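Order of appearance sets the numbers: ligands from 1, and atoms from 1 within every ligand. Heavy atoms only: backbone and side chains are in, while hydrogens, waters and symmetry mates are out. Index from 1, following the sequence.
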Amino acid sequence: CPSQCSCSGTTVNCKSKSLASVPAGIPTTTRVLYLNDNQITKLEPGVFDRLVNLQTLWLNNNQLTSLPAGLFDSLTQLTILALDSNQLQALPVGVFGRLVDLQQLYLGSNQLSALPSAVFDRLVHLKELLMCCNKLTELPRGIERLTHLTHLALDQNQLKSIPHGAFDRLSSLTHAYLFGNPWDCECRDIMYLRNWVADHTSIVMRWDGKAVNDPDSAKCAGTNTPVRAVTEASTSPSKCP
Ligand SMILES: CC(=O)N[C@@H]1[C@@H](O)[C@H](O[C@@H]2O[C@H](CO)[C@H](O)[C@H](O)[C@H]2O[C@@H]2O[C@@H](C)[C@@H](O)[C@@H](O)[C@@H]2O)[C@@H](CO)O[C@H]1O
Ligand SMILES: [Cl-]
């Protein structure tokens with residue numbers, strides 16, 4: 001067990017230890033690794049390659065700005081990966097490609113403005129994708145195929161519309177977060193999101209420390225009227241970004 005951490009069974013707790021880097025001596029038998037709430041700024045390539053039995057990896061609340069390619073490739077048993085509240089500007093191609101058993105992926109509160117095109121293509125079991133508080137300007141391609149999602153958090157980005165049909169196959173959704181985006185209700189492309197929210201009022205949520213059902217929390221930019229109230233006749237294809 002690493003000096004600065006505490007260990008019990010197969011859980012290694014290095015949370016809130018003022019760590020500047022991943023400590024040495026994490027046993028290969030570790031299944032749960034808390035590295036959150038530290039000041040880790042960089043992850044060496046291969047730092048996790050030994051930890052083939054990892055099931056939950058908490059890297060949230062650090063100072064990561066990038067990730068090396070292949071960082072998680074050995075962690076095939078991973079079901080929860082937390083990267084929220086770092087400063088990630090981008091993700092490398094194929095960063096999640098080997099995490100076929102992943103169920104929860106936390107990417108919120110970073111500086112991501114886009115994702116690689118195939119970033120989610122192998123996450124055939126993902127149930128929660130949490131991506132609030134970034135700089136996303138378009139819905140990442142591949143979310144349309146994450147049919148087992150129950151939680152999708154897109155709040156507080158820079159999204160102006162949702163591509164037509166993007167949510168139609170997400171029939172297991174119970175929590176959808178859309179507030180805090182400058183939805184462009186003059187542009188004709190807004191109609192899909194308008195029509196989808198009107199048909200899914202019970203699953204659109206806002207956040208006041210916890211989930212609160214509010215289908216009106218998706219608001220039109222410039223005004224304070226809900227996206228779901230927009231009439232098609234008030235929109236035009238010529239007023240799109
Ligand atoms: C790993 C983990 O459990 N992370 C939690 C975050 O996911 C939570 O973030 C909140 O997530 C919901 C979706 O479930 C929604 O997207 C909220 O907007 C988001 O909260 C944002 O981020 C927080 C850090 C605060 O800045 C809040 O004001 C934001 O609106 C947070 C909730 O505090 O808990 C983490 O543990
Ligand atoms: Cl329409």
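For atom 25 (C) of ligand 1, no protein heavy-atom neighbour is found at a distance under 4.0 Å. Distances from atom 8 (C) of ligand 1 to the protein include no heavy-atom value under 4.0 Å. Note that atom 34 (O) of ligand 1 has no protein non-hydrogen atoms nearby, at separations under 4.0 angstrom.
Looking at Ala211 against ligand 1, nothing comes within 4.0 Å, counting heavy atoms. Residue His175 does not touch ligand 1, judged by heavy-atom distances below 4.0 Å.
Of the protein's non-hydrogen atoms, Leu130 CD2, 3.4 Å is the one closest to atom 14 (O) of ligand 1. Among protein heavy atoms, atom 19 (C) of ligand 1 sits closest to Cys132 SG, 3.9 Å.
Side-chain polar atoms of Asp189 and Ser161 form no donor-acceptor pair below 3.5 angstrom.
Residue contacts with ligand 1: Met205 is excluded, as none of its non-hydrogen atoms falls under 4.0 Å.
If you check each of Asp84, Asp208, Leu152, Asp155 against atom 5 (C) of ligand 1, the one with the closest non-hydrogen atom is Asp84.
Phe179 belongs to a hydrophobic cluster whose remaining members, ordered by chain and number, are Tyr177, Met205, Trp207; membership requires side-chain heavy atoms of ILVMFWY residues under 4.5 Å apart, directly or through intermediates.
Pairs engaging residues 62-114 under the disulfide (SG to SG under 2.5 Å) rule: none recorded [sequence neighbours left out].
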